[PDB]
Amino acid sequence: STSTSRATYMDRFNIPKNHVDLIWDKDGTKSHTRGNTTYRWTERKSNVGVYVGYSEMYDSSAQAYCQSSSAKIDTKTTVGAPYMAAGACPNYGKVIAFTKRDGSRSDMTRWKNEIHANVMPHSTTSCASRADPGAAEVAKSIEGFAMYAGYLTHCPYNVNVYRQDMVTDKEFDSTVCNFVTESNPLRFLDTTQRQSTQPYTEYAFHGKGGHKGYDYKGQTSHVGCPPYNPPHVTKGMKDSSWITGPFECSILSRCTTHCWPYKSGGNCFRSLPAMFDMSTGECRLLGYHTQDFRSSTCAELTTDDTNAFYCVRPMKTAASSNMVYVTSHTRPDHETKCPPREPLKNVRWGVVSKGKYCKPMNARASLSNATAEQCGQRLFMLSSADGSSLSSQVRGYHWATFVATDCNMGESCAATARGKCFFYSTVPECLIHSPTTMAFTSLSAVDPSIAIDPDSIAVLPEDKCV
């Protein structure tokens, strides 16, 4: 049945239903087999914010470390609650931009620098001198959002990390996380590969190298000891080859929580979000869950105050369309449950009319004389957001149809064409073909020049009698 197949396909565009807050649990009622592995999860709620997505920090380790009132989570300060970044669908084009408080002078590559959360060095035991946490980290004035490259020589560093923290964590699975176990640890300083210069080869728990990060070594031959001279240029993972897409990137986050140190009163790192680069395959863990901060106390682009947090907000641009914002709890069936990266060329969102026709959805709102990129950007900014304060801005719009004044939106004019953006809060059931239109979702990249066709199962002739 084509109608059934159409509904099954169009399910991937039902963002409020499918962009959920899930947690991993072997007794969860939700499941999906991806390749050889059956993933199990619980859906805590639906309709997670797309622009900014949060849910309460969930820690099912035996000690429940990051659920403690004394655990510092970056969102407590910036949002007012201990939130992890949430949302089961990969968010294409979404980058955490460093901005002024009014959103101007945005910097969409600053995030690649490491954080300065006053963590490293965590210990200086046996060192000739001491140093406070923070001393080894990149200068506050160049702080980004990327998680530290690594910690200790490898993870799990000892069998107690593995047996007391990892295996008894209800979100951990030794098969899914088979690259960070006792028998197959994730290497930061690989001592099995000595060099003429030093007794190890440097890798990283995440990333492909080349970034500004903390000085893990210090200036002395006693690795980890003060003094430090950041920034240090990071190296890449020893083996990133299994990270083939955004969901695999989320697995790197899922599995590496216990690789980071936590002591009462300090930052507790868990369920970290990540950036995936579709063009290079790089998976980079982010150290912060915060996605938007624009309070009067936010630092605008540069500060020396290590107790301040930078002004940031999510942004999409045509040029950011290779980037993907991925939460730790990405759903393994996302290809069939979530929108694809590319906008959809030459179609209009609709709902089924009289069985075998499609009528356009009813617009909630419109924007005139916009570009297609602007349509996708504003859709994103008007979609949904957790954290309360942006509720007056977001409207619940997850689908938009751009109608060019006189450009075929599959041709080269698409990148500069102006026209009208129509915004919708209705779940779509079908698509109508048109030469002069392009369809966006709030999870789509916003470059009209990469737009592709939907599956033709979605497309029906227009009901022109409405």
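Residues carry their position along the shown sequence, with the first being 1.
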| item | value |
| --- | --- |
| Higher-B stretch (mean Cα B-factor, as the entry records it), 138 to 146 or 228 to 236 | 228 to 236 |
| Mean C-alpha temperature factor, higher of 81 to 89 and 191 to 199 | 191 to 199 |
| Member of 389, 104, 153, 369 with the greatest C-alpha B factor (per the PDB record) | 369 |
| Out of 46, 437, 441, 68, highest CA B-factor residue | 68 |
| Third assignment of residue 25 from its chain's C-alpha B-factors | highest |
| Ranked C-alpha temperature factor of residue 248 among modelled chain residues, by third | middle |
| Chain third (lowest, middle, highest) by recorded CA B-factor, residue given as residue 398 | lowest |
| CA B-factor placement of residue 51, once the chain's modelled residues are sorted into thirds | lowest |
| Chain third (lowest, middle, highest) by recorded CA B-factor, residue given as residue 259 | middle |
